[PDB]
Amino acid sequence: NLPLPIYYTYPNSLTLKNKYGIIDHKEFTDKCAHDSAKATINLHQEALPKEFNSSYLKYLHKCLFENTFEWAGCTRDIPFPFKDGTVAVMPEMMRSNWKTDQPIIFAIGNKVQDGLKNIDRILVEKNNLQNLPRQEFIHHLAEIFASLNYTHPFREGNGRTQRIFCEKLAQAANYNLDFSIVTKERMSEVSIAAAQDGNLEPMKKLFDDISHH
């Protein structure tokens, strides 16, 4: 019984297998966002961890999506056994932007683990981005965010997990990271610049604008 990407979705559908049994995309999105909003509120009342790393990132995905996906907290490079007896894996993922010629290719196969370990190395070396001058904090926060964009470790829910991870990382470093002033368009623009052009400056400008000490 070979693991395959197809087992993440319902047969003859584009909808991801979920605990709600919802195949309609609109109704699924409503319920998934509802539970993610519940998890967010409980998460912001939870004591901050002593250490920030990829294990904490997986825990946040688990918290945000436990009620939606059987695979909450599990990465797409590792075969995942569903309760239905199928085994899903998705080592190869790409995303197209409607205004860009070429798709963005995410980390392939076990390069997902390398991406997660990359952020762990930065966070150990830079003490969770604590006790740094502002310019260094912004630079490494942008490096971490852009690295997570490439890694895309989960089958779905990457953006939501990455943002709360970064809000909590900032909070432990005595910063308030305000994503409410960031539009879908501005977020996409800075992410494509880092991914395709290898240009981290628009992202660093975004983080500087939304970081309040």
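Sequential numbering from 1, following the sequence displayed.
Higher average CA B factor in the deposited record is what I'm after, so tell me if that's 105 to 113 or 90 to 98. Result of the comparison: 90 to 98.
Would you determine, from the values in the PDB entry, which of 150 to 158 and 166 to 174 has the greater average C-alpha temperature factor? Per the PDB record, 166 to 174.
Among the choices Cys32, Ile181, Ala39, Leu57, identify the one whose CA B-factor in the record is greatest. Out of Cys32, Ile181, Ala39, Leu57, the record gives the largest C-alpha B-factor to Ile181.
When the CA B-factors of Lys83, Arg76, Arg134, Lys126 are compared as recorded in the entry, which is the largest? Comparing C-alpha B-factors across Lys83, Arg76, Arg134, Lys126, the maximum falls on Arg134.
Using the B-factor values recorded in the entry, state whether the Cα atom of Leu14 falls in the lowest, middle or highest third among the modelled residues of its chain. Middle third - that is where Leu14 ends up once the chain's C-alpha B-factors are sorted.
According to the PDB entry, is the CA B factor of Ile144 in the bottom, middle or top third of its chain, that is, lowest, middle or highest? For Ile144, whose C-alpha B-factor we compare with every modelled residue in the chain, the answer is the middle third.
Could you say whether, by C-alpha temperature factor, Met187 belongs to the lowest, middle or highest third of its chain? Its C-alpha B-factor belongs to the highest third of this chain's values.
Consider only the C-alpha atoms of the modelled residues in this chain, order them by B-factor as the entry records it, and name the third containing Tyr8: lowest, middle or highest. CA B-factor rank for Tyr8: lowest third.
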